[PDB]
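For reference, the structure is listed below as C-alpha cells.
Rule-based calculations on the coordinates, nothing more; no lab input. Here Cβ is always computed from backbone atoms with ideal geometry, including for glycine, and neighbour counts include all displayed protein chains.
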Amino acid sequence: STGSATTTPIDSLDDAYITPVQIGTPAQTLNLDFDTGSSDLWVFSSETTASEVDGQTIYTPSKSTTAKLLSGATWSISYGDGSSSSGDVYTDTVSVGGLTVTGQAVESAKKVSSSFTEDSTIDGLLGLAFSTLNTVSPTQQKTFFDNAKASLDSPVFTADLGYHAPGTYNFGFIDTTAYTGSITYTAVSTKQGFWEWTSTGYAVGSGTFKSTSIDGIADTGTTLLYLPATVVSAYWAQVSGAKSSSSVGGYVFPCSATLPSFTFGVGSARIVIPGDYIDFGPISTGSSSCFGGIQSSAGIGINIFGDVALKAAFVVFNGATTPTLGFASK
Ligand SMILES: NCc1ccc(C(F)(F)F)cc1
C-alpha cells in the first residue's frame, strides 16, 4: 500500500508545515504538523482546557465509533523550543492520503502550552522519529509510520517541502519525477531516537567547500537550520551589516540584503539552500532588521537540519532493517 498528502506552509514565512489527517469514524480531518524530530501523534481535542483552544480544529473521541480509551495511559511531551502538551490516550483509525492504520494511538491533549494555543493553523503533531521516543506511559506506543511499515510497498516515507508553496509527504514509494539527479544515501544512528546523520561539510555562497563532519538530525518539526557557531559565524560574515543580537536572541541582518546561498554535503553530493530560504522577515512588525534562518546550535546540544535545509532537497526517510536517509536536489 501507499499514501500521499499535500503539505502546506502555515504562513508567508514557512514557520511550520501542515498536512491533513483523517481520524476516527466518521472521519474527523485535522491539519497536523508532521515532525521527524518527535514520536507522539497528538491532537487538540474536546478534552483540551477551553482557554487553551484558540481557533484549532478539535478531535472529539466520543463521536468516533472506532475510538477506544487506552486504559491508564497518559502522555506528556516537552519540546526543544520550550513548548509542551499532555493528556490521555485513545486508539482509532488514522489515514494519510489513502494510507490507513487501524488501532493507531491518538494522543488527546488535555493541556497545551501558549505557543500551541497561539498557532491556530496547527491542530496537533504527527511524530515520524523512532518509536523509542514515544512518551505514552505505562505502555509505550508506536508511530504512524511504524504501524504502517510492513504494509507499505517499500518501507519508506518521503518529505518534499515547498518554499512558499505546497509540497508532498509520500508513504511507501519514491516519486522519481519529484527530483533531479540521483538520491545519495547516508548512514543513520537511531541511538537518540532521531533520524541522526553526519554531513560531509559546507560552503557559503560561491565559497570553497569546507570538509568537516557535522552531526545532526533531519527534523521537519524545526523551522530553522541550527549549525555549529564556527560554521554560522562564517556564513553571517558574508552579509554586510549582519550581527548576533542578544535582545532578539540570534543572528539578524538588514532586510534590504541579498543573502548568499548555503551548501551542505551529503556524502560526495551537495544540497544548495538558496539565500531567500534564509530570510525570516522583520524581527518585529515594521522593523528594517530581519531574522536569520541559519542559527547557532551552541545552546541546543545537537545540530538540526530543519525546514530551511530540508525544503531545498527531496528527502527519503528509509525505514529498512538498517535505516538510512536519502537526499537529492530538486
Ligand atoms: N519541534 C516540535 C514543535 C512543533 C511546533 C511547535 C509550535 F510552534 F507549534 F509551538 C513547537 C514545537
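From the alpha carbon gyration tensor of the range 102-194, can you work out the equivalent ellipsoid semi-axes (sqrt of 5 times each eigenvalue) and give them in Å, largest to smallest?
Numbers: eigenvalues 143, 82, 37 Å².
That gives 27, 20, 14 Å for the three semi-axes.
Could you state the per residue volume, in Å³, of the convex hull enclosing the Cα atoms of the chain? Mind dumping the intermediate values first?
Numbers: hull volume 43.5 nm³, N = 330.
About 132 Å³ per residue, rounded to a whole number.
Might you report the magnitude of the Cβ-based charge dipole of the range 105-252 about its Cα centre, with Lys and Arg at +1 and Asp and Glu at -1, to the nearest 20 debye? Numbers along the way, then the final one.
On the way: 7 positive and 11 negative charges, 76 e Å.
Dipole of the range 105-252, to the nearest 20 debye: 360 debye.
Under a crude label model (7 Å from the Cα following the beta-carbon direction), how far is residue 189 from residue 78 in nanometres?
2.3
Over the range 209-330, what is the mean sequence separation of C-alpha contacts under 8 Å (at least six apart), divided by residue count, expressed as relative contact order in percent? Walk me through the numbers before you get to the answer.
Numbers: 217 pairs, mean separation 39.9, N = 122.
Relative CO of the range 209-330 lands at 33 percent.
With the Cα gyration tensor of the range 1-57 giving a ≥ b ≥ c as the square roots of its eigenvalues, does the rule (a/c under 1.5 for rounded; else a/b larger than b/c for prolate; else oblate) give rounded, prolate or oblate?
On the way: a/c = 1.69, a/b = 1.13, b/c = 1.49.
In terms of gyration-tensor shape, oblate.
Give me Rg/Rg_expected for the range 175-330, where Rg uses Cα atoms only and Rg_expected = 2.2 N^0.38 Å with N residues.
Working: Rg = 15.7 Å, N = 156, 2.2 N^0.38 = 15.0 Å.
Dividing the Cα Rg of the range 175-330 by 2.2 N^0.38 Å gives 1.05.
What's the extension gain from residue 237 to residue 211 if we count 0.36 nm per residue and subtract their Cα-Cα distance? Let's see the in-between values first.
Details: separation 26, 0.36 × 26 = 9.36 nm, distance 1.89 nm.
Separation in residues times 0.36 nm, less the Cα-Cα distance, equals 7.5 nm.
Over what distance in Å are the Cα centres of the range 162-222 and the range 67-94 separated?
So the two Cα centres are separated by 29 Å.
Which of rounded, prolate or oblate describes the range 90-142 when judged by the alpha-carbon gyration tensor and an a/c cut-off of 1.5? All intermediate terms of the calculation are to be shown ahead of the outcome.
Values: a/c = 1.89, a/b = 1.27, b/c = 1.49.
Judged from the Cα gyration tensor, the range 90-142 comes out oblate (a/c at least 1.5, b/c at or above a/b).
Counting each DSSP H run of 4 or more residues in the chain as -39500 (n - 2.57), what helix-only mean residue ellipticity at 222 nm follows after dividing by all residues, to the nearest 500 deg cm²/dmol?
Numbers: 4 runs with 21 residues, N = 330.
Computed mean residue ellipticity for the chain: -1500 deg cm²/dmol.
Under 19 Å Cα to Cα from residue 111, which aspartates and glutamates show up? Leave out anything in the same chain fewer than 8 places away.
Within reach: 33, 40, 47, 52, 54, 81, 88, 119, 123.
Determine the gain in length on full extension of the stretch residue 151-residue 62; use 0.36 nm per residue of separation and subtract their C-alpha separation, reporting nm with one decimal.
Working: separation 89, 0.36 × 89 = 32.04 nm, distance 2.87 nm.
Between residue 151 and residue 62, full extension yields 29.2 nm more.
In whole Å, how far is the Cα centre of the range 227-278 from that of the range 10-33?
That distance is 30 Å.
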